[PDB]
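Undergrad: Here's my sequence, what's the structure:
(9 chains)
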Amino acid sequence: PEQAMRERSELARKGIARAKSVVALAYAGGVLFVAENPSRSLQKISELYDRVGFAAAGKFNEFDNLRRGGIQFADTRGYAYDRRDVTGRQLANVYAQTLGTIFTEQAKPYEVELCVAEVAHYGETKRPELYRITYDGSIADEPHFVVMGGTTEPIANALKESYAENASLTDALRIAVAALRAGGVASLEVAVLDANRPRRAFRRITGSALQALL
Amino acid sequence: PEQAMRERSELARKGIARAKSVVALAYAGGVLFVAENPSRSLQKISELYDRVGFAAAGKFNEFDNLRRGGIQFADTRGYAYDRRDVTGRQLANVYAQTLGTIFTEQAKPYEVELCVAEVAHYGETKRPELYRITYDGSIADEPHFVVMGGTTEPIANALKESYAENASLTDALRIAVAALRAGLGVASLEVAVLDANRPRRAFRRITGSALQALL
Amino acid sequence: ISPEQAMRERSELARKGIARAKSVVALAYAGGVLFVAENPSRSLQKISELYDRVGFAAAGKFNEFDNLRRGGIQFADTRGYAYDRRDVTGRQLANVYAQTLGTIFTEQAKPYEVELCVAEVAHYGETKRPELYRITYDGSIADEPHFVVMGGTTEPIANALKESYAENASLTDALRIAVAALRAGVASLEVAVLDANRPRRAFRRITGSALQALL
Amino acid sequence: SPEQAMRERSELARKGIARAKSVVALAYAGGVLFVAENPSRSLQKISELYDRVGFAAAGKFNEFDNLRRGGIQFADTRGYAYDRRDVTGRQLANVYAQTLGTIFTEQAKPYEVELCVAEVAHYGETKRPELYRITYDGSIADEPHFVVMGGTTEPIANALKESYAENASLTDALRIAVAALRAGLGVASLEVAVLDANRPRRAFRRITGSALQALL
Amino acid sequence: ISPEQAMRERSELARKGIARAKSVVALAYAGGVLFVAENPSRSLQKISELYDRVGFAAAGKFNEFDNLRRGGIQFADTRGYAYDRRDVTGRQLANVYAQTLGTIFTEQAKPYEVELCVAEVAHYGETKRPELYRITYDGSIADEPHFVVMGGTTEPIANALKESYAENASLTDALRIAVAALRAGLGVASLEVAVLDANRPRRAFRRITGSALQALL
Amino acid sequence: XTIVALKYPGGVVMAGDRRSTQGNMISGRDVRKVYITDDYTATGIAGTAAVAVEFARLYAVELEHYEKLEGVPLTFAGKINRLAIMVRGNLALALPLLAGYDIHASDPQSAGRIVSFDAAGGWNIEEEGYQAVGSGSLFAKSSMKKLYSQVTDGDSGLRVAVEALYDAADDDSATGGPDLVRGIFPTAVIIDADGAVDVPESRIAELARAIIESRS
Amino acid sequence: XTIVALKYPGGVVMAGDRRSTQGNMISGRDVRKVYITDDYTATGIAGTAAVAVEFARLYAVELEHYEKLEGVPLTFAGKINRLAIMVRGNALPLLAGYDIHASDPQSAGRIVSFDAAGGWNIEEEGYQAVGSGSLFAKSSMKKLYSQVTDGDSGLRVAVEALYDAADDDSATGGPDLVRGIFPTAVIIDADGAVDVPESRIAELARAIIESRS
Amino acid sequence: XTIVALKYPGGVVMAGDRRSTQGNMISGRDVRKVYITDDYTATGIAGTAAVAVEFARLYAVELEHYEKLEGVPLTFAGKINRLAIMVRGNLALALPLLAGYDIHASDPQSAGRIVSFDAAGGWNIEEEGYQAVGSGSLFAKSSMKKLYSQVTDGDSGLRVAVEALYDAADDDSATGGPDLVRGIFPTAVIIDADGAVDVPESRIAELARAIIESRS
Amino acid sequence: XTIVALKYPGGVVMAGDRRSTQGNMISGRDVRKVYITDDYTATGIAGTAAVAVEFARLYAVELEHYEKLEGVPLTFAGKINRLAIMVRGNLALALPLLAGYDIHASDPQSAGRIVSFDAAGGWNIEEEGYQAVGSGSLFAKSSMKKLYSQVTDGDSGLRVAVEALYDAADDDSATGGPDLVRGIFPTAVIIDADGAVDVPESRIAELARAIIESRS
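TA: Numbers count the residues shown, from 1 in each chain, chains lettered A, B, ... in the order given. Here you go:
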């Protein structure tokens, strides 16, 4: 039972290492998601609920299945209780439960690494929360940034030196695009969890509007 | 086990390499499907929904099962939501989900390579979308052409050179048949188009007398 | 565990079981399709009716192909009742046998030691070339235009037929060519035709006295 | 290995049948004759299946009695759902082949049995008796003259190939069968029965005790 | 798994468990069938009534044969109620035990470390030779005409009985022959004795304990 | 419709009329309501041709099913038990009359048995010597009560059964009398130590003609 | 609506009217109620066109299903048993057949009817009728049955029975001389079941009409 | 509400009214009740706008589902069978009227088909040449009976269908006549060898005006 | 209680009364019955505060659920289809009225859509230009019939909607009129190309006060 645990962990770690990178960082107006994605159709970043966002790295069919299941869970909870019941902590806990079960019960573990981020509700003061959920169901509370997929170490170090709390949109975007290289609009997918939006915080920054911010 | 992943991947890749070839390419009027098929009964190309087409290479019993399951899914979605809900992206995602589950849970993976193509709705301006779904559940968005089955490289190179972004039907057909021979007439070919100029059902088969005219 | 060694050993177990059983041949003739099998038994049938214009022939382990014959008749009758008698085609039954054998080869302990042939003739008063399908132990389906040979030693019978075949051969001629080629008497033969000249049920057995004068 | 499993299962079953006592079934002028080496007065190896259909088996008792019961259940259900003429020897033999074949492939241990299903003609009809041999793996063979199951088959099979008569009488065919059996016995160690084609409906009849004496 | 290695190892596991347990003998006598077992316990029974004229005796692991004894009584009572009391025979119960043990040997993890004996006597006022059946761990059933020996070391007890047997032993006689042949491989304090008395109107099973057993030996 | 049954010294006889009605309309004239179910039993149902035959068929299959499985037939008590289970199963209609002969009874002269069923599906063994079921049952029973002293054997017993049915028809329009124009007479079964046999049409016709001549 | 069936020496004939009603309104004039179910049997239902055809179709599929699975057709008793199971599972049918295995080929014709409770009945009177005009048709056949000596006189009597049913029951349709619509019929003998040509029924119907005027 | 359908040499025409009622109150004036279901068929339901469109949509999906799965469309008999299974499933309410063209029929002139359903969900192929369903069906059928001789082609067929609907409206308040004030006229579908087509509104308007002008 | 909805050039408006009754007793005066369900739709139910809000909430969740999963919102036809499935599911009651703007329609001026449901749960697209549901619907519809020609834009439309509700209240005691004493007025939603917006209470107060002064 120890050899199986190592080989499964290796199979997954290698699949994540072969996929493109995604970074999630906290800024003045919320959370920013930047991913290396040449595709215009296949999304790596998405809305989960009102103030909750999703970002993933790894095998597409596997994380899209998790994105769908998370939206399913979030909408069911918000309807059965209240919209405020759906938190980042709740969704992260659910993904940890799901990935942990897959790792232990399916033939091949999911070659994915997920990030669930939450911003404050409109007119409230709360520091953004970022969660990293890995292939085995491990959950880590990151206070500043999350780096998933590809080669983690060169991007993580390039971000550790250039980190500013409460950085601006145009500033934090440039710092993120910079750390991703060390490890253009046609090779990127960008989105924010804007804490200044009344209800739905998730907003995509595409095309013409994205060229300006660099 | 990493050994299991490689042996399954090899078993599937060899089965696809032993089967005949299929190519689909975007053209001015839509997508064109051309397959090497001597059979008059066993289809490798098919209609999935209104503006969505299917093409596959590999073991017949396996891809026909996927063709049927895709039509099943498409019809259920269009009825439960709207006809515009069924897109190429949606069907391609479903095939990726299905093949990925087969590769992992089932004893023998599927010896198939699929292509899902979508054209624009009547009177709309949209660039044709082509998706390649492989045995393991990997999905790739190809902008110009997809080549599946047999020997991929000689046909892929031969197409990388003689392709036209807005080729006519007669031109694009001749360019496709050329790349398939180097790696064949009405008696050994299955040809079909996703004609973006049709009101609703874009899929149309070009057989017999009409195809001999186009050759 | 190992997906490649298991695939070869299962394939060998089945191929050897088919090689040890008696031979069956199916070929196109002017008036329909002809089935000739080496069978000493007067009770255990290797050739049978599936539906109106569809016939069945098999080689291998009896209990296994009789189970498939029954399941095929069950499927055909259900379809014809739920849709139209015309829904039932050779292509349809062949596809179903391919699906079934492929699932057995994958999910069950031992694969089926059988090789099947599904043949279809035209409807009364209609012009259509007879269709013959070979379905193997693994679920592979092949569209044969002229003849199908199953069981025992395939190559000597296949070569002896590849040389003596005639497209529009009459009954007496095609029967004699078939009995010959197996070798490559009435007390050891089971013969039947899918007569395209009968109003509805094309299947007809040629036994005893009638087979004697014809041989 | 799957080919290794097929051989080991086949060996386990063949050895179990080889260790059990022998049973012969042969066609005679009046029907079919079943003769078995059985010291027991309670545990039956030969039985009636349906009106013109008989059963005989060799091997492990608990296993073939289970098959005898299942065959009677099948036969009665079919005859009730269709007609009494639907039940044939070919039908029951086919069902036993299906059952044994499924046991051999899916269950952890194959059945150590060899079965014989025999059928005679209906009253007032002309039809040659049919005898079927169903083996542990589901193989079915149509034997025209005789069936030998259990123990050492060749010495009994050869002794019968040389002593077989086409339309032998009851007293004659019985004596030929008991002889064939000795090459691998009296009232106390024999279980004898016939499928008498001259009976109106139920052809199966047991020949026991005092009546079996006058035939020996 | 190899189907032949598994079959031998299971058969060995069971045979060794039966060989380590105490012995039981069942023999015919003029008045019916007699069961003799080596049992120091006053609570845990190895011999029991199944139905009217049918008796049970077992050797091996207790929890396993008591489970079979209960299941046999449950089968017998259901059959006699659904059909008639005469439907329940020794042949029927033996067949059912053979079916059960055979399924356990095949489907369950560990085979049952037991050897059973089902005996049947004639109904009141009828002439019929007593029937004795031996059912083994694998589901094998054997029709024994004179005696059955189960558990411990079979051969020394079987040989000592093969010599000393008589066609119609009296109860005092057959009992002494059984206790004697059991001493080849013990008195009131270590014996369980019971008879299937064919002279009883309906329930043939009768236990011979204490004071009544002393005078008989 | 009426079915009668009576015990005679040495056996039992059961007879039934031939009519069936759809209200006031006569729907049948050849209706057979009494059938032999095994070597020693016969059932009669005062209902339609289909209910009578289907019931008898299912019961006969059950009796023979047990015989094939266990080697011996059920005891008489077991036959009734199985019949009762079948009757209670159909009521969750017409009530069956059973005539039989207990081959295992001590006194052969009184070994004949008659079993009837009440509305609740409860069985009843008749000790009066006779019984009847159906729309003309009370007329048939009151007739047998005056004529029973005349039963001394199988022939006088059959005569009394036919006369009971005649009286049932004379007072109840739903029960059919002997049709002299069409040559249709009541069916009957007689069971003794030699088994159950159908009474020939010619024998019932002669007795019926004698009853009609006697009443004129 | 009415269906009639009668035995003639060496065969059986079954005929049905062409009307369907919705209370007092005539909803159909070309209703086919008699269908050949296998080589030797035919069923007739005195109901709507749909009930008649759907029933016959399911029964025909059941008979042929057995034949393909077992190699031989069901015995006549087995065909009735299957029909009875179908009727009890579900509009009472009339079955007409010829038992090719019967000892006497002359008397081999069979007629089977069903009562309200779904119980089968083999008719030994020589004829039978089902539907709203069945009593009129049976009383007519009672007086004309002595005239049945072969297949043709059998068909004349069957057509006359239906005519009498229509003459006294408004739910049964008589021969429409204006539209040219006549009762349908099936005749079964040793050579199998065959549909009677419309021309022969029209000839018999015109003769019955001229004989009554 | 009323739907009419009639065969003309070369095809078939189906037309429906535009009204809906809730008792006595008019709830709809634009209700479309006739829809093309495949290249050669059309369905019409005399019911609400919802029941008509939902039924046609589900049926159209099933016909196209089969075509995509099997490569060829169902035969006409198969289309009816599937419709009948759908109708019997909803009943276990308004009855469907189907018009089609059998592309595989021998005589193209008479290849037009009309199928109606009775209260019990039973199908009926109309051989009379025309049919109508709904509250004004009797008036429309009665009208077509006198005007059918005039139907010699598709144009005459459409003219008569509109006149039958007009007569239904003139005698049944639940059926809506042509509204000349709002410009709302009956909808129609014509089906021939070239397929099923919606008849242009201006064409129906012209025919309606001519009928009104003729009766003035 | 009443809900009204009307199409104006370039859009649609929906308004509802504020009352709720329990027989004859007024149980509510502040009841909101019209709710925005997505950027381009609004639902109104003529029932209790709870039925109105719970229905709107579930439907709003369903529309947004699809948008999040698929990336794009449902087409207008898809939104109705989902609503219809929800309405038919609750019947196995007061029925909804949907007002929406089809952003993908070719002509933006007539892109306003109104959808209602009948007793059987059937959808219906109104083509008349207006619709009303509830106990005062006839009165509101008959009022809009006479005033619809005055609708040229959003403000004209809103006036006609408030006047229709006033006329419903004037003739139906279950519909609440404008309460000048408490300052409670009908709620309204207007939907155009820029989306769905709640009409300010002060605009409705202004319209209602004026309809009152006008009739004074």
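
Undergrad: Could you list the residues in contact with the longest helix along chain A?
TA: Counting residues, the longest helix found in chain A (DSSP state H) is helix A:60-80. With contacts defined as Cβ atoms under 8 Å, 6 or more residues apart in numbering or on different chains, helix A:60-80 is touched by A:42-44, A:46, A:48-49, A:52, A:54, A:56-57, A:85-86, A:90-91, A:94-95, A:98-99, A:110-112, A:114, B:93, B:96-97, B:100, B:137-139, I:57-58, I:61, I:64-65, I:68-69. Heads up, the C-betas are built off the backbone N, CA and C, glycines and all.

Undergrad: from these, which would you call buried?
TA: A:42-44, A:46, A:48-49, A:52, A:54, A:56-57, A:86, A:90-91, A:94-95, A:98-99, A:110-112, A:114, B:93, B:96-97, B:100, B:137, B:139, I:61, I:64-65, I:68 (16 or more other Cβ atoms under 10 Å in any protein chain shown).

Undergrad: taking these one by one, which sit in helices?
TA: A:90-91, A:94-95, A:98-99, B:93, B:96-97, B:100, I:61, I:64-65, I:68.

Undergrad: Apart from its neighbours in sequence, what residue is nearest the closest residue to chain C within chain A?
TA: With Cβ to the nearest Cβ as the measure, residue A:107 is the residue of chain A nearest to chain C, at 11.3 Å. Closest residue to residue A:107 apart from its sequence neighbours, by Cβ to Cβ, 6 or more residues apart in numbering or on different chains: residue B:104 at 4.9 Å.

Undergrad: Residue F:7 touches residue F:114, doesn't it?
TA: Yes - Residue F:7 is in contact with residue F:114 according to Cβ atoms under 8 Å; the separation is 6.4 Å.

Undergrad: Could you export the longest helix of chain A as CSV, CA atoms only?
TA: Extracted in CSV, the C-alpha atoms of helix A:60-80 (Å, rounded to 0.1, in the frame of the first residue of the first chain):
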residue,chain,number,x,y,z
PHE,A,60,-8.8,19.5,-19.4
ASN,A,61,-11.5,16.8,-19.4
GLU,A,62,-10.6,16.2,-15.7
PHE,A,63,-10.8,19.8,-14.4
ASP,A,64,-13.8,20.8,-16.5
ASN,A,65,-15.6,17.9,-14.9
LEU,A,66,-14.6,19.4,-11.5
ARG,A,67,-15.6,22.9,-12.5
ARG,A,68,-19.1,21.6,-13.5
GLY,A,69,-19.5,19.6,-10.3
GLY,A,70,-18.5,22.7,-8.3
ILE,A,71,-21.1,24.9,-10.0
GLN,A,72,-23.6,22.1,-9.4
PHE,A,73,-22.8,22.0,-5.7
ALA,A,74,-22.7,25.8,-5.3
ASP,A,75,-26.1,26.4,-6.9
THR,A,76,-27.7,23.6,-4.9
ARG,A,77,-26.4,25.0,-1.6
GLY,A,78,-27.3,28.6,-2.3
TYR,A,79,-30.8,27.5,-3.1
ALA,A,80,-31.2,25.1,-0.2
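
Undergrad: Three-state assignment for the closest residue to residue F:171 other than its chain neighbours, please.
TA: Leaving aside its sequence neighbours, residue F:171 sits nearest to residue F:139 (Cβ to Cβ, 6+ apart; 4.5 Å). Under DSSP: H, G, I helix; E, B strand; the rest coil, the three-state class of residue F:139 is helix.

Undergrad: same check, this time on residue F:31
TA: Secondary structure of residue F:31, per three-state DSSP, is coil.

Undergrad: residues contacting it?
TA: Contacts of residue F:31 were listed using Cβ under 8 Å, 6+ apart, and they are F:1, F:17, F:18, F:19, F:20, F:48, F:49, F:52.

Undergrad: Excluding chain neighbours, what is closest to the fourth one?
TA: So the one you mean is residue F:19. That would be residue F:176: by Cβ to Cβ, 6+ apart, it lies 3.0 Å from residue F:19.

Undergrad: doesn't the one you found fall inside a strand?
TA: No - per three-state DSSP, residue F:176 lies outside any strand segment and is coil.

Undergrad: Report whether the expected contact of it with residue F:18 is present.
TA: Yes - contact criterion Cβ under 8 Å: residue F:176 and residue F:18 qualify, at 5.0 Å.

Undergrad: out of the two, which sits in the more crowded spot?
TA: residue F:176 (27 against 24; other Cβ atoms under 10 Å in any protein chain shown).

Undergrad: Could I get the contacting residues of that one?
TA: F:1, F:17, F:18, F:19, F:29, F:169, F:184.

Undergrad: Residue A:71 and chain F: what is the separation?
TA: From residue A:71 over to chain F the distance is 52 Å, taken as Cβ to the nearest Cβ, to the nearest Å.

Undergrad: how about residue F:142, secondary structure?
TA: Under three-state DSSP, the three-state class of residue F:142 is helix.

Undergrad: Could you find the closest non-adjacent residue to it?
TA: Leaving out its chain neighbours, the residue that sits closest to residue F:142 by Cβ to Cβ, 6+ apart is residue F:167, at 7.8 Å.

Undergrad: and the helix or strand where the one you found lies, what does it pack onto?
TA: Residue F:167 is part of helix F:154-171 when elements are defined by DSSP states H and E. Packing contacts for helix F:154-171, counted by 3 or more Cβ pairs under 8 Å, 6 or more residues apart in numbering or on different chains; DSSP states H and E, involve strand F:2-8, strand F:11-16, strand F:130-134, helix F:137-147, strand F:187-192, helix F:201-215.

Undergrad: Let's have these in a markdown table, adding mean neighbour count.
TA: Conversion of these to a markdown table gives the following (neighbours: other Cβ atoms under 10 Å in any protein chain shown):
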| stretch | mean neighbour count |
| --- | --- |
| strand F:2-8 | 30 |
| strand F:11-16 | 29 |
| strand F:130-134 | 26 |
| helix F:137-147 | 19 |
| strand F:187-192 | 24 |
| helix F:201-215 | 14 |
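
Undergrad: I'd say residue A:175 and residue A:159 touch.
TA: Yes - when contacts are counted by Cβ under 8 Å, residue A:175 is listed as touching residue A:159 (7.4 Å).

Undergrad: and for those two, which residues touch both?
TA: residue A:25.

Undergrad: For chain H, what's its nearest residue on chain F.
TA: Closest contact between chain F and chain H, by Cβ to the nearest Cβ, is at residue F:22 (23.9 Å).

Undergrad: what's the neighbour count on that residue?
TA: Residues within reach of residue F:22, counting by other Cβ under 10 Å, total 11.

Undergrad: now the one 10 residues further on
TA: Burial of residue F:32, expressed as a neighbour count using other Cβ under 10 Å, amounts to 15.

Undergrad: Surely it and residue F:186 touch.
TA: No - with contact defined as Cβ under 8 Å, residue F:32 does not count as touching residue F:186 (10.1 Å).

Undergrad: could the helices and strands packed on helix F:154-171 be laid out in TSV, adding distance to residue F:42?
TA: TSV is the format used below for these (distance: least, Cβ to Cβ, whole Å):
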stretch	distance to residue F:42
strand F:2-8	9
strand F:11-16	5
strand F:130-134	13
helix F:137-147	17
strand F:187-192	4
helix F:201-215	15
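
Undergrad: between those, which gets nearest to residue H:37?
TA: Among the helices and strands packed on helix F:154-171, the nearest to residue H:37 by Cβ to Cβ is strand F:130-134 (58.5 Å).

Undergrad: Distance from the closest one to the middle of the chain?
TA: On the basis of Cα atoms, centre = their mean, to the nearest Å, strand F:130-134 sits 8 Å off its chain's mean C-alpha point.

Undergrad: ok, that strand: who's next to it in the sheet?
TA: strand F:2-8 (antiparallel) (DSSP bridges).

Undergrad: ok, now which ones touch residue F:73?
TA: F:38, F:39, F:63, F:66, F:67.

Undergrad: just checking, the third one touches residue F:37?
TA: Yes - distance between residue F:63 and residue F:37: 6.2 Å, which falls inside the contact criterion (Cβ under 8 Å).

Undergrad: how would you label whichever residue of chain F sits closest to chain G: helix, strand or coil?
TA: Chain G sits closest to residue F:50 of chain F, with a gap of 2.9 Å, by Cβ to the nearest Cβ. Using three-state DSSP, the structure places residue F:50 in helix.
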